[PDB]
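[1] show me how the following folds:
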Amino acid sequence: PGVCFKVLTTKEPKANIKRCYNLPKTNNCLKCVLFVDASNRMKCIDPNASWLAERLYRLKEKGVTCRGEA
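    Residues are numbered from 1 along each chain as shown. Here you go, the structure:
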């Protein structure tokens, strides 16, 4: 959450995601869905990514819901 993305991830990651957070748009940072994988790597997904809704559905089925709004 103490992060700021200026370019977004649009390719679907294969890694297992263990945490996610909805990050807000600000003057210098883009709105995106932050995925933290099992290797603790971060990718902040474009909210408009076509596959994202289904990936969020799958994550929830695996016990993972994103924190923050949107």
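[2] CA only for contacts and neighbour counts going forward, please
    Will do.
[3] does residue 45 touch residue 32 like I think?
    Yes: using Cα atoms under 8 Å, residue 45 is in contact with residue 32, at 5.3 Å.
[4] joint contacts of the two?
    Counting by Cα atoms under 8 Å, 6 or more residues apart in numbering, the contacts common to residue 45 and residue 32 are residue 8.
[5] quick check on residue 9: phi, psi?
    Main-chain dihedrals, residue 9, degrees, to the nearest 10: phi -80, psi 130.
[6] ok, now which ones touch it?
    43, 44, 45, 46.
[7] what separates the residue of the chain positioned farthest from its centre from residue 53, distance-wise?
    Distance from the C-alpha centroid of the chain, by Cα atoms, centre = their mean, peaks at residue 27 (19.3 Å). Distance of residue 27 to residue 53, given as Cα to Cα, to the nearest Å: 26 Å.
[8] does residue 16 touch residue 37 like I think?
    Yes: taking Cα under 8 Å as the definition, residue 16 is a contact partner of residue 37 at 5.7 Å.
[9] ok, these two, which is more surrounded?
    Per other Cα atoms under 10 Å, whichever of residue 16 and residue 37 has more neighbours is residue 37, with 17 against 13.
[10] does the more buried one touch residue 19 like I think?
    Yes: counting by Cα under 8 Å, residue 19 is a contact partner of residue 37 at 7.1 Å.
[11] and stretch 50-64, C-alpha only, in CSV?
    What follows is stretch 50-64, C-alpha atoms only, in CSV (Å, rounded to 0.1, in the frame of the first residue of the first chain):
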residue,chain,number,x,y,z
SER,A,50,-10.3,-8.1,-19.7
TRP,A,51,-9.4,-11.1,-17.6
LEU,A,52,-9.4,-9.3,-14.2
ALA,A,53,-13.0,-9.9,-13.2
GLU,A,54,-12.7,-13.6,-13.7
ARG,A,55,-9.3,-13.7,-11.9
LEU,A,56,-10.8,-11.9,-8.9
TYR,A,57,-13.7,-14.4,-8.9
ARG,A,58,-11.1,-17.3,-8.9
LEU,A,59,-9.1,-15.6,-6.1
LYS,A,60,-12.2,-15.4,-3.9
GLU,A,61,-12.9,-19.0,-4.5
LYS,A,62,-9.3,-19.6,-3.2
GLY,A,63,-9.9,-17.5,0.0
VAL,A,64,-8.4,-14.2,-1.2
